[PDB]
Amino acid sequence: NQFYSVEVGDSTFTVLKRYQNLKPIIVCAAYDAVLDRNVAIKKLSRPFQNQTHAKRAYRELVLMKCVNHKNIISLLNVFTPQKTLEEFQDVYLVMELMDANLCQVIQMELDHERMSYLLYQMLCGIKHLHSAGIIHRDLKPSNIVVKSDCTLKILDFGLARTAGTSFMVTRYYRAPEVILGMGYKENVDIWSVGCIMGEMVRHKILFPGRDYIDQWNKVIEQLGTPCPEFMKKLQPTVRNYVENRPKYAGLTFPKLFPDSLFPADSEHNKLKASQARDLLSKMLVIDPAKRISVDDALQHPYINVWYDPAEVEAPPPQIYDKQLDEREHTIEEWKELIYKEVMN
Ligand SMILES: Cc1nc[nH]c1-c1ccnc(Nc2ccc(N3CCOCC3)cc2)c1
Ligand SMILES: CCCCCCCCCCCC[N+](C)(C)CCCS(=O)(=O)O
Ligand SMILES: [Cl-]
């Protein structure tokens with residue numbers, strides 16, 4: 001038998017014998033005896049509960065294989081313990097083992113070298129995805145991982161374009177045009193980056209709330225009521241609720257992100273506080289027509305210190321299935337497509 005089973009964190013992992021000493025991080029850490037290095041193993045158990053699960057799994061598999069960028073998690077191995085298509089049930093993804101999730105990194109005291117470097121790498125990864133027509137729309141700290149040396153990888157790719165701005169849990173990083181069903185462009189992801197950056201400074205979620213209604217209130221209370229230039233791009237119906245909200249001037253960026261939150265008492269620190277706030281003021285913009293692009297954010301003085309064309313300006317991923325986002329299939333058909341990807 002090529003496999004063995006172990007209970008980890010109250011789930012069954014049936015894995016190739018090369019993977020040893022499984023530990024909870026449905027994901028675990030393992031030691032790979034063949035490569036002599038640690039790995040993360042993710043079990044896809046219920047990827048055929050339905051078509052949404054199946055599409056997500058297939059898309060996750062195909063994209064993780066095809067994309068090769070240092071800021072996007074890459075696949076080391078894929079396997080199934082089952083021997084035939086008929087018995088096929090579980091899919092295991094094996095990837096490089098990182099040290100922490102960005103959620104835990106956000107909690108550390110703000111350091112400009114680290115924050116700028118993390119943001120730079122996020123921007124690099126997003127740029128690469130965008131070049132291949134991959135616009136994430138649900139970027140969040142829990143799906144970004146880091147190593148102890150601050151190298152960063154994005155864990156996921158968001159939904160197919162055919163999902164638009166619908167996601168049918170953590171909603172706090174979604175852009176206004178997503179929340180309000182306005183349609184999106186590449187810079188939808190820049191809002192999420194802004195939310196993450198802001199949280200690195202405040203150590204509090206910027207726009208929390210039990211639902212979108214609550215979240216929209218937190219947006220307008222802090223950034224102000226959006227302009228008629230924005231209101232006019234809304235459908236009439238949605239606009240009524242948004243127009244009938246209490247008017248807010250919004251707080252200035254110096255009040256949202258006061259000097260008190262930033263390292264003090266050097267001219268370098270004073271400079272960086274100002275630059276960090278400036279970049280925030282350009283990312284946390286409600287109207288996506290007025291919000292900074294990824295490419296312009298990489299030129300911003302806060303970020304551009306890291307800029308290396310050899311990292312930033314890689315060729316785009318060419319995608320083999322041109323209808324990856326659009327085509328729909330039965331469960332039986334998705335299951336076979338996935339199975340083929342797993343067996344190659
Ligand atoms: C595929 C996948 N899905 C979610 N996460 C991952 C993943 C992928 C690769 N590496 C890691 N490394 C990692 C290791 C330890 C931690 N923690 C530290 C302390 O306890 C809280 C978390 C976080 C991440 C995680
Ligand atoms: C806090 C209030 C929440 C209001 C929820 C608003 C409901 C939005 C539904 C209208 C859809 C309009 N179109 C343009 C057809 C969507 C394009 C596709 S997509 O935007 O990319 O999904
Ligand atoms: Cl093995």
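Sequence positions, counted from 1, serve as the residue numbers for this chain. Both counts, for ligands and for their atoms, begin at 1 and track the order of listing.
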**Student:** Using a strict cut-off of less than 4.0 Å between a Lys/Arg side-chain nitrogen and an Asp/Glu carboxylate oxygen, indicate whether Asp321 and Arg327 qualify as a salt bridge.
**Tutor:**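 Between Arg327 and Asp321 there is a salt bridge, with a charged N closer than 4.0 Å to a carboxylate O.
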
**Student:** Only heavy atoms count here, so choose which of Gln215, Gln235, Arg137 is nearest to atom 10 (C) of ligand 2.
**Tutor:**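 Going through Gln215, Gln235, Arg137 one by one, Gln235 has the nearest heavy atom to atom 10 (C) of ligand 2.
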
**Student:** Between ligand 1 and the protein, give all atom pairs where both partners are nitrogen or oxygen and the distance is under 3.5 Å, as lines of names plus distance to 0.1 Å.
**Tutor:**
{"residue": "ligand 1", "atom": "10 (N)", "partner": "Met98", "partner atom": "N", "Å": "3.1"}
{"residue": "ligand 1", "atom": "12 (N)", "partner": "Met98", "partner atom": "O", "Å": "2.8"}

**Student:** Could you check, using the six-membered ring where one of them is a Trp, whether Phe48 and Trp334 have ring centers closer than 6.0 angstrom?
**Tutor:**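 Ring centres of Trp334 and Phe48 not closer than 6.0 Å.
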
**Student:** Atoms of ligand 2 less than 4.0 Å from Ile179 heavy atoms?
**Tutor:**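 Taking each heavy atom of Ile179 in turn, ligand 2 has 3 (C), 4 (C), 5 (C) under 4.0 Å.
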
**Student:** Check whether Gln121 reaches the backbone of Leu152 with its side chain - one donor and one acceptor, N or O, closer than 3.5 Å.
**Tutor:**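 Side chain of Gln121 to backbone of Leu152: a pair is present.
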
**Student:** Any atoms of ligand 2 less than 4.0 Å from a non-hydrogen atom of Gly181? List them with their elements.
**Tutor:**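 The atoms of ligand 2 under 4.0 Å from a heavy atom of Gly181 are 8 (C), 10 (C), 11 (C), 12 (C), 13 (N), 14 (C), 16 (C), 20 (O).
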
**Student:** Please work out which of the three classes, parallel, tilted or perpendicular, describes the rings of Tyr117 and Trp306, given edges at 30° and 60°.
**Tutor:**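 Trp306 and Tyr117: tilted rings.
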
**Student:** If you count the non-hydrogen atoms of other residues, nucleotides and ligands that lie under 6.0 Å from CG in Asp296, is the total more than 12?
**Tutor:**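 Yes, because the 6.0 Å sphere around CG of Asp296 holds more than 12 heavy atoms from other groups.
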
**Student:** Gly183 heavy atoms, cut-off 4.0 Å: which ligand 2 atoms fall inside?
**Tutor:**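 Counting atoms of ligand 2 from 1, those under 4.0 Å from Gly183 are 20 (O), 21 (O).
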
**Student:** I want to confirm something. Looking only at heavy atoms, which of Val188, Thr162, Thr165 is nearest to atom 21 (O) of ligand 2?
**Tutor:**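 Result: the heavy atom closest to atom 21 (O) of ligand 2 is in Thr165.
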
**Student:** For the ring pair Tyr184 and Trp191, is the centre-to-centre distance below 6.0 Å?
**Tutor:**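 Centroid separation for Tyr184 and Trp191: 6.0 Å or greater.
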
**Student:** Near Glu113 CD, under 6.0 Å, is it more than 12 heavy atoms from other residues, nucleotides or ligands?
**Tutor:**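 Count not over threshold, so no.
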
**Student:** What atoms of ligand 2 come within less than 4.0 Å of a heavy atom belonging to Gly164?
**Tutor:**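 Answer for ligand 2: 21 (O), 22 (O).
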
**Student:** May I ask you to test the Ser293-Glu186 pair for a side-chain heavy-atom distance under 4.5 Å?
**Tutor:**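 The answer is no; the side chains never approach within 4.5 Å.
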
**Student:** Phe3 vs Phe79 aromatic rings, parallel, tilted or perpendicular, using cut-offs 30° and 60°?
**Tutor:**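 The rings of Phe3 and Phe79 sit tilted, inter-plane angle from 30° to 60°.
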
